[PDB]
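J.: One structure is given below, represented as structure tokens, and several questions about it will come after.
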Amino acid sequence: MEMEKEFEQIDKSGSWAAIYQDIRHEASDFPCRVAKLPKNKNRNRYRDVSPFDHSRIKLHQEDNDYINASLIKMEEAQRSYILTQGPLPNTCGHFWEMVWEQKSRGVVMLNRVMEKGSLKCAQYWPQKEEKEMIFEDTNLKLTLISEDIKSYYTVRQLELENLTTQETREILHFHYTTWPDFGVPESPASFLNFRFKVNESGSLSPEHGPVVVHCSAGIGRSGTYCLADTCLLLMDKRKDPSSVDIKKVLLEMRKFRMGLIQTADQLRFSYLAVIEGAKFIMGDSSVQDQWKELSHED
Ligand SMILES: O=C(O)C(=O)Nc1sc2c(c1C(=O)O)CCNC2
Ligand SMILES: [Cl-]
């Protein structure tokens with residue numbers, strides 16, 4: 001693979017920092033003036049992480065339509081994502097309003113609520129079936145229906161109801177719980193096993209809205225997951241691993257949201273995950289059971 005030969009070169013020359021810095025220097029720079037308006041200051045988790053104006057998700061509210069969230073539209077791969085920060089205590093209603101209005105059926109969460117003693121994300125979903133959450137500002141109700149706890153990730157079945165219309169939808173919550181902030185997953189196997197659970201759920205089928213992916217800021221771990229997912233989808237559509245330029249795909253994604261992938265090692269993990277995932281795409285299905293065993297779900 002042209003991609004695994006390049007990987008060997010970068011490793012042998014120790015160029016991951018240099019390669020990653022090159023991507024930071026070439027990355028798009030678009031205005032974020034809605035995100036920077038004074039009235040939106042308390043809707044942003046990080047002052048240095050904002051959505052571009054041209055690709056931000058607008059809430060269908062006449063009052064204030066701003067949420068820190070971006071629509072990544074990968075034209076060639078024919079897949080879209082919504083990347084967003086971990087909701088704040090005052091934006092959990094906005095978050096589920098976005099999920100409703102964009103018709104998403106899956107939420108991919110790559111962080112924990114508390115990491116390194118800090119609250120990196122609000123508790124925006126219910127932890128107990130009998131303690132549903134009501135978001136008064138956006139008139140939404142959220143109920144935990146069931147959850148499937150594995151050793152390093154949890155899948156939750158949620159019911160989201162629009163209280164104005166009494167319409168309900170099932171939302172699937174894919175929660176990767178062992179991915180450290182500014183770090184990498186334990187192995188390509190762990191990551192690819194989790195990715196398969198997401199893809200196999202149907203959450204990314206095109207009759208639904210785009211899947212929501214978030215970490216704490218919605219750029220680092222979110223960017224790593226989304227880069228690997230898009231690259232694998234591309235080589236799956238083509239059945240040609242050598243036709244995929246990972247760095248070019250990352251630069252394309254960064255046209256829609258800043259800072260996707262936050263460390264050089266996350267970039268390196270992206271290569272490893274795509275290289276390993278190519279095995280399943282090119283016709284070795286047994287590697288999926290290998291990944292499940294290697295991930296130690298139990
Ligand atoms: O959650 C992630 O994977 C991620 O990108 N996090 C990021 S990105 C980012 C910060 C954080 C953080 O969580 O502290 C702090 C301020 N600058 C950029
Ligand atoms: Cl928080």
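Residue numbers for the sequence shown follow the authors' numbering, beginning at 1 and rising by one. Backbone N, C-alpha and C define an ideal beta-carbon position, used for all residues, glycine too.
Indicate, with yes or no, if ligand 2 has a heavy atom lying under 7 Å from the CB of residue 89.
T.: Numbered from 1 along the sequence shown, position 89 holds the residue referred to as residue 89. Checking the Cβ of residue 89 against ligand 2 gives yes.
J.: According to the Cβ coordinates, are residue 232 and residue 281 closer than 8 Å?
T.: Taking the first residue of the sequence shown as 1, we reach residue 232 at position 232. Taking the first residue of the sequence shown as 1, we reach residue 281 at position 281. Their beta carbons are under 8 Å apart, which means residue 232 touches residue 281 by this criterion.
J.: From 235, 275, 10, pick the residue whose C-alpha is nearest to that of residue 77; which is it?
T.: Reading the sequence shown from its first residue, position 77 is the one you call residue 77. The shortest C-alpha separation from residue 77 is found at 235.
J.: Measuring only from the beta carbon, is residue 262 closer than 7 Å to any heavy atom that is part of ligand 1?
T.: By 1-based counting over the sequence shown, the position of residue 262 is 262. Indeed, a heavy atom of ligand 1 lies less than 7 Å from the Cβ.
J.: Less than 6 Å between C-beta atoms, sequence neighbours within five positions excluded: which residues of the same chain meet that for residue 220?
T.: On the sequence shown, residue 220 is found 220 positions in, with the first residue counted as 1. Around residue 220: 262.
J.: Between which residues of its own chain and residue 223 is the CB-CB distance below 6 Å, once the five residues before and five after are set aside?
T.: Counting from one through the sequence shown, the residue named residue 223 turns up at place 223. So the list reads 260, 261, once near-sequence residues are dropped.
J.: Let me confirm a value: residue 17 is counted as buried when at least 16 other C-beta atoms fall within 10 Å, else exposed. Which label applies?
T.: Here residue 17 is taken as the residue at index 17 of the sequence shown, counted from 1. Result: exposed.
J.: In three-state terms, what does DSSP make of residue 106?
T.: Here residue 106 refers to the residue found at position 106 of the sequence shown. Three-state result, residue 106: strand.
J.: With respect to the alpha helix (DSSP H) encompassing residue 69, which residues constitute its N-terminal and C-terminal limits?
T.: Start at 1 with the first residue of the sequence shown, and residue 69 comes out as number 69. Per DSSP, residue 69 belongs to no alpha helix (DSSP H); it is in the beta strand (DSSP E), 66–74.
J.: Give the straight-line distance between the Cα atoms of residue 134 and residue 175, rounded to the nearest whole angstrom.
T.: By 1-based counting over the sequence shown, the position of residue 134 is 134. By 1-based counting over the sequence shown, the position of residue 175 is 175. Each residue's Cα considered, the two are about 21 Å apart.
J.: For the 8 Å Cβ check, are there 3 or more pairs between the segment 137–145 and the segment 160–168?
T.: Contact between the segment 137–145 and the segment 160–168 is present, with at least three C-beta pairs closer than 8 Å.
J.: Assign residue 136 to buried or exposed, taking buried as 16 or more other Cβ atoms, counted over all protein chains shown, within 10 Å of its Cβ.
T.: Residue numbering aside, residue 136 sits at position 136 when the sequence shown is read from its first letter. Flag for residue 136 reads exposed.
J.: Taking C-alpha atoms, which residue in 107, 115, 116, 14 lies nearest to residue 124?
T.: By 1-based counting over the sequence shown, the position of residue 124 is 124. Of 107, 115, 116, 14, the residue nearest in Cα terms is 107.
J.: By Cβ distance below 8 Å, which residues in the same chain neighbour residue 299 in space, the five residues on each side in sequence not counted?
T.: Examination of residue 299 is not possible in this model, given that the chain is present from 1 through 298 alone.
J.: Could you work out which residue in 75, 26, 267 is closest to residue 11 when comparing CA atoms only?
T.: Start at 1 with the first residue of the sequence shown, and residue 11 comes out as number 11. Of the candidates 75, 26, 267, the one whose C-alpha sits nearest the C-alpha of residue 11 is 267.
J.: I'd like to confirm something about residue 122: is its beta-carbon nearer than 7 Å to some heavy atom of ligand 2, or not?
T.: Position 122 of the sequence shown holds residue 122. With a cutoff of 7 Å, residue 122 counts as near ligand 2, since its C-beta is closer than that to a heavy atom of the ligand.
J.: Does the contact criterion of 3 or more C-beta pairs under 8 Å hold for the segment 85–96 versus the segment 33–46?
T.: Judged by Cβ distances under 8 Å, the segment 85–96 makes contact with the segment 33–46, as three or more pairs qualify.
J.: Just to confirm the assignment: which complete beta strand (DSSP E) runs, minimum length 3, are found wholly within the segment 189–257?
T.: 211–214, all fully within the segment 189–257.
J.: For residue 148, which beta-bridge partners are listed by DSSP?
T.: Reading the sequence shown from its first residue, position 148 is the one you call residue 148. 155, per the DSSP bridge assignment.
J.: Would you call residue 218 buried or exposed, if buried means 16 or more other Cβ atoms sit within 10 Å of its Cβ?
T.: For the purposes of this step, residue 218 is identified with residue 218 of the sequence shown, where counting begins at 1. Result: buried.
J.: What do you reckon, are the CB atoms on residue 249 and residue 82 nearer than 8 Å?
T.: Translated into the one-based positions of the sequence shown, residue 249 becomes position 249. Translated into the one-based positions of the sequence shown, residue 82 becomes position 82. Not closer than 8 Å, so no.
J.: Residue 162 by DSSP, collapsed to three states: which one?
T.: In the sequence shown, the residue the question calls residue 162 occupies position 162. The answer is strand: DSSP assigns residue 162 an E or B state.
J.: Based on the DSSP secondary-structure assignment, which residues constitute the bridge partners of residue 173?
T.: Locating residue 173 in the sequence shown gives position 173, where the first residue counts as 1. DSSP lists 107, 156 as partners of residue 173.
J.: Using the C-alpha atoms, what's the distance from residue 271 back to residue 7?
T.: Here residue 7 refers to the residue found at position 7 when the sequence shown is read from its first residue. Here residue 271 refers to the residue found at position 271 when the sequence shown is read from its first residue. The alpha-carbon atoms of residue 7 and residue 271 are separated by roughly 7 Å.
J.: With DSSP as the reference, label residue 260 as helix, strand or coil.
T.: Position 260 of the sequence shown holds residue 260. Of the three classes helix, strand and coil, the one that applies to residue 260 here is coil, per DSSP.
J.: Between the alpha carbons of residue 255 and residue 292, how many angstroms are there, rounded?
T.: Mapped onto the sequence shown, residue 255 falls at position 255. Mapped onto the sequence shown, residue 292 falls at position 292. Whole-angstrom Cα-Cα distance: 34 Å.
J.: Going by DSSP, what residues sit across from residue 58 in a beta bridge?
T.: On the sequence shown, residue 58 is found 58 positions in, with the first residue counted as 1. Note: residue 58 sits in a beta bridge opposite 66.
J.: Comparing alpha-carbon positions, which option in 70, 99, 21, 238 lies nearest residue 172?
T.: Start at 1 with the first residue of the sequence shown, and residue 172 comes out as number 172. The option with the nearest alpha carbon to residue 172 is 99.
J.: Report yes if the CB atom of residue 179 is closer than 8 Å to the CB atom of residue 227, and no otherwise.
T.: The residue you call residue 179 lines up with position 179 of the sequence shown. The residue you call residue 227 lines up with position 227 of the sequence shown. No; because the gap between Cβ atoms is not below 8 Å, this pair is not in contact.
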